[PDB]
A.B. asks: 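Supplied in C-alpha cells, the structure appears directly below.
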Amino acid sequence: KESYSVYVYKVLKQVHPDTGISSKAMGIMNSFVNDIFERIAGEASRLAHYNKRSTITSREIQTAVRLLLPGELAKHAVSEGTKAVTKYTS
Amino acid sequence: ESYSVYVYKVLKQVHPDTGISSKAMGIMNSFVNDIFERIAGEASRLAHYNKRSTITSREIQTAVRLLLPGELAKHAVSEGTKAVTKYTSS
Amino acid sequence: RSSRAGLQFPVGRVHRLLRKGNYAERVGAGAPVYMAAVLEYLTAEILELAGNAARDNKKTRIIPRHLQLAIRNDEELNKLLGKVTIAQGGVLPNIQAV
Amino acid sequence: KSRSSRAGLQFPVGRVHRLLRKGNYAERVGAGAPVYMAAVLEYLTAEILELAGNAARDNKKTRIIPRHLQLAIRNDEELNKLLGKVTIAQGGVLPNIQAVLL
Amino acid sequence: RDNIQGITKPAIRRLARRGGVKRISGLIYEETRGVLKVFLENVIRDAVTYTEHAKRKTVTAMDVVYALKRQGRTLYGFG
Amino acid sequence: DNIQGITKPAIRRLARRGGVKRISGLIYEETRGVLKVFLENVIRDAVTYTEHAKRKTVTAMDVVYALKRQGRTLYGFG
Amino acid sequence: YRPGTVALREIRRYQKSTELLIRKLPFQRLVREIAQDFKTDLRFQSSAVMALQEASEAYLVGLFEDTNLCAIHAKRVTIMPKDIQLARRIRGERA
Amino acid sequence: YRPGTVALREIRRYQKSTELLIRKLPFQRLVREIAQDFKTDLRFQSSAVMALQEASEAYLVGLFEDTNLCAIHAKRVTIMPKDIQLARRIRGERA
Amino acid sequence: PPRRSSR
Amino acid sequence: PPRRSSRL
DNA sequence: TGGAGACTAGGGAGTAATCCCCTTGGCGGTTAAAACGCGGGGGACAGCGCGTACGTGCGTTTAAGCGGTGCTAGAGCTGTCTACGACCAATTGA
DNA sequence: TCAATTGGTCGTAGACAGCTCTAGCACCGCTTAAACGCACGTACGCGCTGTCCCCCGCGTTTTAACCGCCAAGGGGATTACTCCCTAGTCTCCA
C-alpha cells in the first residue's frame with residue numbers, strides 16, 4: 001500500500017507501450033488500487049464472518065468480487081483471478 | 001445477537017408498565033446489533049489510522065463522536081465517561 | 001462488571017463480542033464499559049419516545065409502528081437511522097399542501 | 001521465480017499477502033487469496049489504463065493526466081458504476097449540455 | 001412468466017397513497033413495475049450470491065438482510 | 001465573514017461547469033449556505049480525526065477520511 | 001363524491017396503516033420468477049420473501065414520496081413517469 | 001451576441017477545463033474560519049486545504065447538475081433556489 | 001423516579 | 001501485441 | 001533487509017451420516033379484491049401577453065497570486081521503561 | 001452447567017522525555033487578472049384563458065388470494081473422523 005507506482009507503470013508499459021503517465025495521475029491510480037483493495041478485503045472479511053470461518057481464501061475473494069464489481073467487469077475479473085490461481089497452483 | 005433481556009430491563013426503568021411486542025424487540029435487537037457494529041467499525045478504523053493495536057475508551061469516544069449526531073453524541077459520551085469512572089473506581 | 005458501572009447492558013458480552021469481531025489485536029478494559037454505556041443510553045432513548053408514542057396511541061405495548069413513529073419524529077434519531085428500514089413500521093403521516 | 005511471476009502477474013502477490021494478513025480481516029489467510037486479489041487489482045488497473053490511454057490519444061497527447069482518467073471512467077458504464085461515489089482530483093466533468101438549452 | 005402483472009394497478013396506487021400521492025397517470029403502473037423489477041433483480045442477485053457462497057439452496061432472510069445492507073438499505077426486524 | 005469570498009463569478013463558473021444556462025439572483029446566497037453546511041460537516045469530522053491523533057495540524061488524510069465517511073471518497077491525496 | 005376527496009381519505013387510510021400493500025402470493029411468484037434467472041431449484045424461507053416484500057414496499061413508498069415532490073415541482077398534482085425518472089436520476093439510481 | 005450564447009461558450013469552456021473555479025485564498029480563509037469553531041489554533045496542510053477545495057467544488061458542480069435537471073423538469077432554463085432545495089431533498093442531504 | 005433523558 | 005481487453 | 005523456500009504442528013475445514021423441520025405441492029371453499037365499463041369533470045397543456053430580472057458589455061477597483069524572507073511550531077523519529085491486556089487456571093453461581 | 005468473574009505472570013504496546021528538521025505561517029511588494037458596479041435591452045418566467053382528454057368514482061362481474069388441512073421429501077443443522085492447511089520460525093541474499 002506504500003505505492004503501486006512501479007506496478008501501474010509496468011501495466012501501462014504492457015498496455016500502451018508509448019504512452020506515459022503523470023505524477024498526479026499515478027497518485028489517483030494508487031488511490032484507486034488502495035480503495036479497491038479495501039472494498040474487496042472488507043467484503044471478504046464479512047463473507048468469512050457470516051459463514052463462521054476464520055480464513056479468507058480464493059472463494060471469499062471471488063464472491064466479494066462478484067458482489068462488488070458490476071456486470072461484465074465482474075465476469076472478466078473473475079476469469080483473470082481464476083486463471084491466476086490456476087497457473088500459480090500449477 | 002439477542003439483547004432481549006436487557007432491552008426489557010431498561011424498558012422497566014423508563015416505562016415500568018409498558019410492554020414490548022415480539023416484533024418490536026426483534027427490531028431493537030437489530031438496532032443494538034447495528035449500532036454496536038457501527039461504533040466497533042469506526043473505532044477499529046481509528047486504531048489503524050494511528051497505527052494502534054488496542055481499542056480503548058478513547059477510540060469508542062471518538063467513534064461515538066463521529067457517528068452519532070449533534071446532541072446524541074454529547075449525551076452518549078457523557079454517559080460512557082461516567083460508566084468507566086464508576087467501573088474503575090475503588 | 002455491569003453492576004460496577006451501574007449499567008444494565010452486559011459488559012462481559014460486549015467484551016467477548018469486541019474480541020471475537022477482530023476489530024483490533026487487543027481490546028482495552030474501559031472499552032466494553034464505554035460501549036455498553038453508549039448502547040444502553042441509545043436503547044433507553046428509543047424506548048422512551050417509543051412508549052410515549054404508545055401512550056399517545058392509547059396502547060400499553062410497543063409495536064414496530066411506535067418505534068418508527070418515535071425514530072422519524074426525532075431529528076437526531078432520524079439522522080442516525082436515516083438509511084434504516086423498520087419492518088411493519090409504516091410512514092409518518094404527511095400530506096403535502098400541493 | 002517471484003510469486004507474481006509464478007502467477008503470471010505484475011502486481012505483487014507478496015505485498016497483497018502482507019496487507020491481507022496485517023489488516024485484521026480474518027484470523028487466517030489462504031494461499032490463493034493474495035493471488036486472486038492481485039489478479040483482480042491488475043485487471044482493473046489495466047482496464048482503466050487502457051481506456052485512459054485511449055482517451056489521451058483522442059486528445060493528441062502522449063501522457064495520461066487525471067482528466068484522461070476521469071474521461072475513461074465516466075465514459076465506461078461498468079467503471080462508472082464501480083467508481084460512482086469517487087471524486088477524481090483535477091478530473092473535471094464529462095462535456096454534456098442538455099438538448100433543451102441548445 | 002409474466003408474474004410482474006401480479007403487481008396490480010390497485011396495489012401500485014395503494015403504495016402511491018402511502019407515498020402521499022393524490023393523482024396518478026395511467027402510464028405510472030408500467031413504470032413502477034419496471035422500477036420494482038430492477039430493484040428486485042438487484043437485491044435477489046446479491047441474495048443468491050450470499051446463498052451460493054454458503055453452499056446452500058434455500059435463500060435465508062439473513063441473505064436478504066445482507067444483500068440489502070450491501071446496497072445501503074438496512075432492514076430491522078428480521079434477525 | 002469569508003463566505004463572501006466565494007464570489008458570484010465563482011459560483012457562476014461552478015454552475016456553467018454543471019451545464020447551467022441562466023442563473024437567478026437568489027442562487028448565490030443559497031449556494032453559499034449549501035457550501036457552508038458541506039464544509040462544516042467535513043471539517044468537523046476532519047478535526048475529530050485530528051484531535052484523536054493528538055495532532056494540532058489537519059492532515060490531507062484527515063480530510064480524505066472525513067470524506068470517505070460521508071460517501072465522497074476522493075482520489076489523489078493519498 | 002368529488003374527484004380527490006376519496007383520494008385524500010385513501011392517503012390518510014394507507015398512511016396510518018403498516019400492513020403490506022401488495023398481495024403476498026403474486027409477489028412471491030414474482031420473486032421466484034426473478035430468482036430463476038440466477039439459480040434453478042432455489043428454495044425460499046418465508047421470512048426471506050417477507051423481508052423482500054418489506055424492503056420493496058418501503059422502497060416504492062419512499063420513491064413515490066420523491067415522485068410526488070417532482071410532481072409538485074412542475075406545478076402539477078398528477079405524478080407522471082417523468083417524475084419517477086427525475087427522482088431516480090437525482091437519487092443516483094439512473095444515470 | 002444576444003442574451004445567451006456567451007453562456008453556452010462558457011459552459012463549453014468550463015466543461016472542458018479541469019482547473020479549480022474558486023480562488024484559493026478566500027476559500028482557504030473560509031476553511032480556517034469554519035475550523036476555528038471546533039478547535040482553536042488549528043493548523044492546516046496545503047494538501048488538506050486543496051483536498052477540501054477539490055471535494056467542495058466537485059460536490060457543488062454535481063449539485064448544480066441536479067439543480068439544472070430540476071429546472072428543466074419545471075419547463076425552465078433559469079435555476080432557482082427551489083431547484084437546489086428539491087435536488088438536495090431528493091438526494092437526502094436535508095429534508 | 002422513572003429514568004428520563006435530559007436531551 | 002498490446003494487452004487489449006476482450007470486454008465489451 | 002523483504003519476501004522466498006523449507007520444515008513443524010495444531011486445528012479449521014471437509015466429509016460422511018443422521019435427523020427432523022420446514023418448504024413445497026395439492027385441494028377445496030369463501031369472499032375480498034381485481035377488473036371492466038361508463039360518465040363526467042378537473043387538471044394538464046397550449047397559446048398569448050407583460051414586465052422585470054438576468055446576461056452583456058464597459059470602465060474602475062481590488063485583492064489574488066507569485067516571488068522572496070524569515071521564524072518557529074510541531075510532526076516525526078528514537079530510546080526507555082512500565083503498566084496493562086492476553087493467557088491460563090480457579091471458581092462459583094442464574 | 002457452563003459462563004461470567006477473579007487472581008497472578010509476562011511480555012510487549014504504548015506513554016513520555018528529548019532532538020530534528022520540515023513545513024506551516026506571517027509578512028511585504030508588484031503586477032495584473034479578476035471582481036465589482038452600472039446602463040440597457042430583451043428573453044424568459046409567470047400569470048391568465050380555453051380545450052379536451054384522461055383520470056377518478058362507482059356499480060357489476062369475475063377471479064384468484066387467502067386460509068385451513070393433508071402428504072412428502074429436500075436440505076439445513078449437527079456430530080464425530082480425517083487430513084490438509086496455514087501460521088510460525090529459521091536461513092538468507094537477492
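Just so it is clear: chains get the letters A, B, ... in the order the sequence lines come, proteins before strands, and each one is counted from 1. Because only heavy atoms are used, hydrogens play no part in the values below, and waters and symmetry mates are left out as well, while side chains stay in.
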A.B. asks: Heavy atoms only: give me the nearest H/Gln53-H/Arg23 pair and the separation to one decimal.
C.D. replies: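 Here H/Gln53 and H/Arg23 meet closest at NE2-O, 4.0 Å.
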A.B. asks: Can you name the side-chain contact (heavy atoms from CB on, under 4.5 Å) partners of D/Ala31, sequence neighbours left out?
C.D. replies: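 D/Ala31 satisfies side-chain contact (heavy atoms from CB on, under 4.5 Å) with no residue once adjacent residues are dropped.
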A.B. asks: Below 4.0 angstrom from OP1 or OP2 of K/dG2, is there any side-chain N or O of D/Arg18?
C.D. replies: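 Answer is no, no contact under 4.0 Å.
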A.B. asks: Given L/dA65, K/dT56, K/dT23, identify the nucleotide with an atom nearest to the side chain of G/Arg29.
C.D. replies: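 Selected nucleotide (nearest to the side chain): L/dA65.
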A.B. asks: With G/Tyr14, which residues qualify under ring-ring contact (aromatic ring centres under 6.0 Å, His included), at least two apart?
C.D. replies: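 G/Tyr14: no ring-ring contact (aromatic ring centres under 6.0 Å, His included) contacts found.
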A.B. asks: Give the B/S/- string for nucleotides 76-89 of chain L, one per nucleotide from 5' to 3', where a protein heavy atom under 4.0 Å of the base yields B, of only the sugar-phosphate yields S, and otherwise -.
C.D. replies: SS--------SS--
A.B. asks: Of H/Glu10 and G/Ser46, whose closest DNA chain K nucleotide lies nearer the 5' terminus?
C.D. replies: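 Nearest-nucleotide comparison on DNA chain K picks G/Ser46.
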A.B. asks: What nucleic acid atoms does B/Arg58 come within less than 4.0 Å of, heavy atoms only: base, sugar-phosphate, or nothing?
C.D. replies: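 Contact class for B/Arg58: none.
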A.B. asks: Please list, chain by chain and in numerical order, all residues satisfying side-chain contact (heavy atoms from CB on, under 4.5 Å) with B/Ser4, sequence neighbours excluded.
C.D. replies: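 With sequence neighbours excluded, B/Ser4 shows a side-chain contact (heavy atoms from CB on, under 4.5 Å) to B/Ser2, B/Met25, B/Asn29, given in chain and number order.
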A.B. asks: Sugar at L/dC85: north or south, per the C1'-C2'-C3'-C4' sign?
C.D. replies: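 Positive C1'-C2'-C3'-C4' torsion, north pucker.
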A.B. asks: Show me the protein contacts with nucleotides 45-47 of chain L, counting only N or O atoms at under 3.5 Å.
C.D. replies:
residue	atom	partner	partner atom	Å
L/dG45	OP1	H/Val77	N	3.0
L/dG45	OP1	H/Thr78	N	2.7
L/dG45	OP1	H/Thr78	OG1	2.5

A.B. asks: Rounded at 0.5 Å granularity, tell me how far NE2 in A/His49 sits from CZ in A/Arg53.
C.D. replies: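 Atom-to-atom, A/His49:NE2 and A/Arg53:CZ are 14.0 Å apart.
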A.B. asks: In whole Å, I'd like the distance from the CZ atom of C/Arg13 to the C1' atom of L/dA3.
C.D. replies: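 Whole-Å distance recorded here is 11 Å.
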A.B. asks: Polar atoms only, N or O, under 3.5 Å: list the protein pairs with nucleotides 25-32 of chain K and their distances.
C.D. replies:
none

A.B. asks: Tell me: NZ of F/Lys21 to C1' of K/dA53, nearest whole Å?
C.D. replies: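 Answer to the nearest Å: 16 Å.
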A.B. asks: Between L/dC36 atom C1' and F/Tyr28 atom OH, what is the distance in whole Å?
C.D. replies: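 After rounding, the gap between these two atoms is 13 Å.
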A.B. asks: Taking for each residue the nucleotide of DNA chain K with the nearest heavy atom, is it H/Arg9 or E/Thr8 whose nucleotide lies nearer the 5' end?
C.D. replies: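 First, find each residue's nearest nucleotide; the 5'-ward one identifies E/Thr8.
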A.B. asks: Going by the rule side-chain contact (heavy atoms from CB on, under 4.5 Å), which residues pair with H/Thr78 if we only count those two or more places apart in sequence or in a different chain?
C.D. replies: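 Here the qualifying residues are F/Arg22, F/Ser24, H/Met80.
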A.B. asks: Under 3.5 Å, which protein N or O atoms sit close to an N or O of nucleotides 66-68 of chain L? Give each pair with its distance.
C.D. replies:
residue	atom	partner	partner atom	Å
L/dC66	OP1	G/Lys24	N	3.2
L/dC66	OP2	G/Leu25	N	3.0

A.B. asks: Closest approach of A/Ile56 and D/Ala26, non-hydrogen atoms and distance?
C.D. replies: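 Nearest heavy atoms, A/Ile56 then D/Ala26: CG1-CB, 3.9 Å.
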A.B. asks: Could you tell me the separation between the CG atom of H/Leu20 and the P atom of L/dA34, rounded to a whole number of Å?
C.D. replies: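 Result: 14 Å.
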A.B. asks: For A/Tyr50, which residues count as a ring-ring contact (aromatic ring centres under 6.0 Å, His included) partner, sequence neighbours excluded?
C.D. replies: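 With neighbours one apart ignored, the set is E/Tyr50, E/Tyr66.
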A.B. asks: Below 4.0 angstrom from OP1 or OP2 of K/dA35, is there any side-chain N or O of E/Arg13?
C.D. replies: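 Looking at the OP1 and OP2 atoms of K/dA35, neither is under 4.0 Å from any side-chain N or O of E/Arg13.
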A.B. asks: Any idea which heavy atoms bring A/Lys87 and D/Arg6 closest together, and the distance?
C.D. replies: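 Heavy atoms only, the tightest pair is CG-O, 3.2 Å.
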A.B. asks: Between F/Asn2 (CG) and K/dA63 (P), how many Å, whole number?
C.D. replies: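 Distance, rounded to whole Å: 12 Å.
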A.B. asks: Over how many whole Å does the gap from D/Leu9 atom CG to K/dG3 atom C1' extend?
C.D. replies: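 Roughly 16 Å, once rounded to whole Å.
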A.B. asks: Looking just at side-chain N and O atoms, do C/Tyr34 and B/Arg58 make a donor-acceptor pair shorter than 3.5 Å?
C.D. replies: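 Side-chain D/A pair, C/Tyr34 to B/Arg58: absent.
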A.B. asks: Between the side chains of G/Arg32 and G/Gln36, is a donor N or O closer than 3.5 angstrom to an acceptor N or O?
C.D. replies: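 No - no donor-acceptor pair under 3.5 Å links their side chains.
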A.B. asks: Which residues pass the side-chain contact (heavy atoms from CB on, under 4.5 Å) test with G/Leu25, not counting sequence neighbours?
C.D. replies: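 For G/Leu25 the side-chain contact (heavy atoms from CB on, under 4.5 Å) partners, ignoring immediate neighbours, are G/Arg29.
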A.B. asks: H/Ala7 near the nucleic acid: base, sugar-phosphate alone, or nothing, with a heavy-atom cut-off under 4.0 Å?
C.D. replies: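 The residue H/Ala7 makes sugar-phosphate contact but no base contact.
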A.B. asks: Could you check how far CD of A/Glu60 sits from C1' of K/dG12, rounded to whole Å?
C.D. replies: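 Roughly 12 Å, once rounded to whole Å.
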A.B. asks: When you get a sec, tell me which of L/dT6, L/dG57, K/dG55 is the closest nucleotide to the side chain of C/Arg4?
C.D. replies: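 In terms of side-chain proximity for C/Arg4, the closest of L/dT6, L/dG57, K/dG55 is L/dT6.
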A.B. asks: Does any non-hydrogen side-chain atom of F/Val63 lie less than 4.5 Å from one of F/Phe77?
C.D. replies: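 Side chain of F/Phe77 against side chain of F/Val63, heavy atoms only: no contact under 4.5 Å found.
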A.B. asks: Looking only at non-hydrogen atoms, find the nearest pair between F/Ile3 and F/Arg32 and report the distance.
C.D. replies: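 That closest heavy-atom pairing would be O-CD, 3.3 Å.
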A.B. asks: With a 4.5 Å cut-off on side-chain heavy atoms, are B/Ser57 and C/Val33 touching?
C.D. replies: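 With C-beta onward as the side chain, the pair stays apart.
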A.B. asks: A/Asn51 CG to K/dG14 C1': how many Å, rounded?
C.D. replies: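 Interatomic distance, CG of A/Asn51 to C1' of K/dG14: 14 Å.
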A.B. asks: Yes or no on side chain to side chain contact (heavy atoms under 4.5 Å, CB included) for E/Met62 and G/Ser47, after CA distance, side-chain angles and deciding distance?
C.D. replies: CA-CA 9 Å; E/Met62 221 50 209; G/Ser47 263; over 6 Å; no
A.B. asks: Let's test your reading of the pairing rules: Watson-Crick or G-U wobble, both distances under 3.5 Å, then write DNA chain L as a dot-bracket string with ( ), [ ], | and dots.
C.D. replies: ||||||||||||||||||||||||||||||||||||||||||||||||||||||||||||||||||||||||||||||||..|..|||||||..
A.B. asks: Output all residues satisfying ring-ring contact (aromatic ring centres under 6.0 Å, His included) with B/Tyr3, sequence neighbours left out; order by chain, then residue number.
C.D. replies: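 With sequence neighbours excluded, B/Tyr3 shows a ring-ring contact (aromatic ring centres under 6.0 Å, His included) to C/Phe9, given in chain and number order.
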A.B. asks: If you assign each of B/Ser53 and H/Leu21 to its closest nucleotide in DNA chain L, which residue comes earlier from the 5' end?
C.D. replies: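 Mapping each residue to its closest nucleotide by heavy atoms, the 5'-most match is B/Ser53.
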